[PDB]
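Report on the following structure.
Just so it is clear, the values below take in all heavy atoms, side chains as well, and ignore hydrogens, waters and symmetry mates. Per chain, numbering begins at 1; letters A, B, ... match sequence-line order. When a ligand or atom number is given, it counts from 1 through the structure's own listing order.
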2 protein chains.
Amino acid sequence: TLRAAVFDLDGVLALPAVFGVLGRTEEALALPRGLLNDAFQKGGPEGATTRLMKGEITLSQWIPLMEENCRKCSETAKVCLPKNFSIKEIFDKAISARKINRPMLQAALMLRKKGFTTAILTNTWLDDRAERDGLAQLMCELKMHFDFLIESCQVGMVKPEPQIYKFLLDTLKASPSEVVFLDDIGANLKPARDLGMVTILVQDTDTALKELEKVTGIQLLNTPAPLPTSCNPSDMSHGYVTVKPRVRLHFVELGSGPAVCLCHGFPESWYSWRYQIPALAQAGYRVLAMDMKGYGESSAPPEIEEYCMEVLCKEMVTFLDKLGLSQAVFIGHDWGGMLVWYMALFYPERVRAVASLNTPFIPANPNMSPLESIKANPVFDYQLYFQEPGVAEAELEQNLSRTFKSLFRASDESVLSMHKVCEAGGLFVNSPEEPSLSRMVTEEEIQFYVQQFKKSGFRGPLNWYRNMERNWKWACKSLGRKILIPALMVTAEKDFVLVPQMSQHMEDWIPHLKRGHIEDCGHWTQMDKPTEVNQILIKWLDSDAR
Amino acid sequence: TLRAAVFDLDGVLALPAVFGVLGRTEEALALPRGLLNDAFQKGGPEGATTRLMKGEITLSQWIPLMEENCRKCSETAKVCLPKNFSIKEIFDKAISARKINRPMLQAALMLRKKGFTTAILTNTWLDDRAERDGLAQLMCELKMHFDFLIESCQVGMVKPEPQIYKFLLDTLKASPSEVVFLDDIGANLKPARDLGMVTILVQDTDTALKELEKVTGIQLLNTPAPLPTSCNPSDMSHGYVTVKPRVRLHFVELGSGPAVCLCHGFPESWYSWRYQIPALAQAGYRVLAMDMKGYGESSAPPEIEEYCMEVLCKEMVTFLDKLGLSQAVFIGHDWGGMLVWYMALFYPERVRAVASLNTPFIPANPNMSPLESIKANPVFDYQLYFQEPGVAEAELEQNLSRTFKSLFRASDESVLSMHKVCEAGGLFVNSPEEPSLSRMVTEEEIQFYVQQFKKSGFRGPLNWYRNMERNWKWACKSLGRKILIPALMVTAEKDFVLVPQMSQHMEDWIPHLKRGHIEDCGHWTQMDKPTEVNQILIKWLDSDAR
Ligand SMILES: C[C@H]1C[C@@H](CO)C[C@@H](CN)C1
Ligand SMILES: C[C@H]1C[C@@H](CO)C[C@@H](CN)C1
């Protein structure tokens with residue numbers, strides 16, 4: 001009975017294979033056939049390549065030794081290599097061209113999801129080339145999805161030596177019968193099979209995956225599009241900045257490149273960006289996923305005025321100041337989306353670009369009190385219910401698991417009637433005591449929000465809605481301004497509170513505004529349509545925010 | 001009696017003045033004299049410039065309005081502006097050219113050090129230009145050194161209106177008699193003087209500073225070279241990464257750009273880099289100042305083996321993995337310097353560049369046990385005293401304040417006889433019970449190390465010295481390798497343990513090695529010679545690690 005899957009890197013998890021380029025280069029340069037491949041193989045277990053693969057020497061020390069035995073191979077073959085000929089150039093290009101074999105990684109992901117222990121077992125080198133970062137990034141993206149990465153150059157052992165195989169079984173804590181091993185080299189497959197391991201010779205991916213699924217009894221080929229990589233809270237770098245004596249801001253941080261500050265809505269968490277964090281980091285950005293004031297590990301002072309837009313925005317400017325960031329791209333959703341437009345209007349020098357999910361930018365009406373405006377829209381009734389301090393806190397804090405289970409639902413799953421929330425007496429009066437689990441969230445994901453909300457409750461979050469008049473007066477100071485920095489408005493088709501229609505006049509105040517639209521998407525945009533969100537944000541970031 | 005100093009930005013804390021360019025441009029373009037300056041001034045309190053300065057409109061909305069009144073000014077003057085003429089270009093160049101007036105900032109720093117409340121009061125705009133980041137960075141570097149920054153466009157008030165002055169006194173919580181106000185505009189100086197404020201008209205800096213010192217009674221001109229900006233621990237972004245179930249790593253983080261990982265020595269802290277952190281961040285780098293395993297807010301497991309180089313290096317690789325960093329520049333001192341060379345030998349793909357302060361790279365002698373090698377050097381006797389678990393912990397933990405006061409001393413201040421530490425019975429047997437305070441450290445800085453060491457003590461730190469044999473066996477696997485990535489070796493003239501001479505054969509293993517040398521510098525390199533350290537590291541970073 002299988003419980004572990006092992007994959008080679010070259011020709012298996014990454015394609016095209018690097019050694020296959022030795023053949024390509026000799027065919028392109030009309031050199032004798034295997035000439036370059038024999039030079040690579042020179043000395044076998046005692047040669048330069050084995051010393052390199054065992055970690056005795058680095059790739060840059062190996063380059064001239066490959067060059068010396070490239071001559072020796074051509075000397076006997078009674079030929080001569082050209083004047084342009086460079087091993088460095090050949091390997092630089094080969095390594096750069098080699099990309100992740102996505103269906104192979106997906107199969108490894110599905111196996112790990114079904115309970116398998118997964119590992120990468122590879123014959124590799126210590127890369128000290130000036131271009132080494134390319135491979136560093138690939139190994140980083142790859143390794144994250146596996147329980148173990150075993151590198152020949154780190155363990156001082158090599159395939160096909162039988163010691164690396166015994167090292168593999170020892171690392172896996174499993175007998176050879178419990179293990180599937182995939183390799184593109186028959187010679188490297190042989191010792192694994194010799195111990196009684198299920199072995200797959202990998203030529204084309206599809207056949208290898210058909211063999212993989214037949215042997216494991218798990219569908220790996222033609223399976224539905226998987227969800228983007230999520231975040232395990234305990235595997236993140238957690239950051240904390242004191243913005244004022246009584247206020248500390250918490251954030252999760254991942255990646256390098258331009259700073260991208262993610263701002264969640266009500267009643268959320270940094271975790272609402274779980275599907276965007278690895279994606280944006282992988283796209284070449286430094287992600288800072290906030291716990292907005294009043295939430296999770298961030299401070300939650302009780303005073304209403306502490307949550308007015310002016311104070312919240314000033315604190316986000318201090319947050320940048322204390323981190324030593326002159327700018328950040330600001331991406332917000334719901335209440336975070338509103339803050340993000342206000343950061344753009346009042347602090348354009350600190351905002352590299354601005355993006356909003358669902359939240360439109362609507363200039364304040366100076367000839368109408370905000371309470372009249374909220375009253376004018378039937379869907380905004382819940383906001384009037386949120387005004388009296390203590391009432392909504394009592395209902396929302398009563399049963400946390402029920403609160404998030406009731407709120408976090410797809411467009412085709414609602415249990416919440418937004419109509420006449422005040423007259424009905426509350427948000428969940430028509431909702432079951434034990435709501436069913438939404439298709440968007442696991443029981444584990446609900447419990448993270450439950451645990452987060454046990455710290456400070458709903459007072460701070462609800463206070464974001466309790467500064468309508470203060471926010472309106474502040475917003476009126478910006479009535480003569482336009483948003484002229486790069487901006488993106490993302491609308492969600494089925495958000496019945498933050499309707500796409502509400503964003504239709506935005507080009508009057510943001511003339512160069514770019515857009516994104518998500519069909520069959522409810523209010524909880526990031527978890528509802530994670531793949532589409534990431535596609536829209538990455539495309540916009542690479543074009544307008546770099 | 002004065003207790004507050006207020007400075008203008010343009011023509012005072014930053015030079016050359018931006019409006020002075022209106023004159024330069026008309027003189028260069030042979031336009032009528034004041035033509036461009038009158039266009040800027042058009043409408044006075046009701047004009048576009050006042051609307052801009054009060055924050056009613058943004059700089060990009062203002063540009064075409066300045067252009068319209070540039071014509072109106074030339075219409076009456078019976079002239080015509082050329083076809084190349086661009087206000088955007090003129091202001092882009094003017095803002096870019098404007099740099100911090102260093103002696104003015106130094107005077108403000110000295111005043112704040114002597115107990116003054118300091119503030120920047122400026123007539124500025126909301127910058128939404130594509131080039132806005134340049135000014136964002138300048139404001140960021142400037143603001144940090146002041147108690148308050150008052151911007152006309154944020155407060156909706158402007159100089160010379162008397163309301164901004166009353167707002168200033170209210171912000172300062174001081175009467176006009178307690179305040180010095182510096183401005184390059186006589187008209188803007190007038191209302192401050194009208195309230196009874198000491199006023200300085202700023203033309204040339206030196207005269208303004210002579211006036212400043214006469215009026216405050218504090219020497220500001222011709223004063224010694226100040227120390228680089230330090231770190232206040234409570235104003236930093238604190239980061240935490242779990243590298244394995246029982247191990248969490250703490251770090252301080254500042255800036256944007258390539259990641260620079262700072263690794264302290266024994267018995268230190270992230271705080272040992274206090275003078276490098278703001279400097280390196282200001283030079284365009286993302287600084288990550290570690291609490292190395294066993295120190296401060298990082299985990300300190302008791303087991304000796306947890307502190308062998310192999311484990312420590314693997315954990316630093318996991319640290320990069322969890323932060324989403326494919327590489328970092330590694331800069332180490334003392335034990336951190338040793339780790340940093342091992343990161344380069346075993347993980348060259350993860351190290352962008354490597355720099356060491358004091359610690360040389362010496363390949364392991366495979367024909368000599370490490371205990372024989374340590375015995376062969378009289379200065380390394382203290383290391384043999386550190387071998388027996390508990391002994392050095394008892395002496396070092398006995399009185400923490402005495403420990404750091406005894407250790408952290410300049411070359412001309414030693415109280416510690418490194419000769420025969422074992423035979424003498426300990427490190428401090430010849431040391432006073434109440435050592436004098438070194439010129440390198442304040443009493444406050446000693447107490448931070450004292451507070452840090454109260455958490456875990458000296459067991460984990462001393463364990464770094466307790467893996468000689470384990471480290472030697474691991475190092476022998478790298479005996480055939482060379483360090484071929486960018487590298488810097490910084491020697492300290494007066495380090496009597498890590499002597500410059502010990503680094504003389506490094507070019508044999510690191511052929512492209514770059515060097516730095518610090519004269520009259522002891523073991524505590526970073527705090528002993530902070531200015532020189534920063535100069536050497538910044539120059540090397542900008543040339544080899546970018
Ligand atoms: C009570 C919730 C309902 C939610 C839409 O289901 C929107 C959210 C934030 N505006 C408030
Ligand atoms: C006991 C201290 C003395 C110090 C030099 O004063 C060096 C340090 C780390 N090698 C150990």
Item to check | side chain to side chain contact (heavy atoms under 4.5 Å, CB included) partners for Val499(A), two or more places apart | outcome: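 Once residues adjacent in sequence are excluded, the partners of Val499(A) under the side chain to side chain contact (heavy atoms under 4.5 Å, CB included) criterion are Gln501(A), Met502(A).
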
Checklist entry - For the ring pair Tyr382(A) and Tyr465(A), is the centre-to-centre distance below 6.0 Å? => result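 Here the rings of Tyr465(A) and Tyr382(A) have centres that are less than 6.0 Å from each other.
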
Checklist entry - Is the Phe404(A)-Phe448(A) ring centre distance short of 6.0 angstrom? => result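 No: the rings miss the under 6.0 Å criterion.
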
Item to check | side-chain hydrogen bond (donor to acceptor under 3.5 Å, both in side chains) partners for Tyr275(A), two or more places apart | outcome: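 Expected list: none.
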
Item to check | Partners meeting side-chain hydrogen bond (donor to acceptor under 3.5 Å, both in side chains) with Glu372(B) (sequence neighbours left out) | outcome: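 With neighbours one apart ignored, the set is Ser369(B).
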
Note down each nitrogen or oxygen pair, ligand 1 side and protein side, whose separation is under 3.5 Å; give only atom names and the distance to 0.1 Å.
residue: ligand 1; atom: 10 (N); partner: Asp334(A); partner atom: OD1; Å: 2.8
residue: ligand 1; atom: 10 (N); partner: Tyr382(A); partner atom: OH; Å: 2.8
residue: ligand 1; atom: 10 (N); partner: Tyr465(A); partner atom: OH; Å: 2.7

Checklist entry - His523(A) and side chain to side chain donor-acceptor pair (under 3.5 Å): which partner among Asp528(A), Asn358(A), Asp334(A)? => result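 So, applying the side chain to side chain donor-acceptor pair (under 3.5 Å) to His523(A) and each of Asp528(A), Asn358(A), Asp334(A), only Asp334(A) qualifies.
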
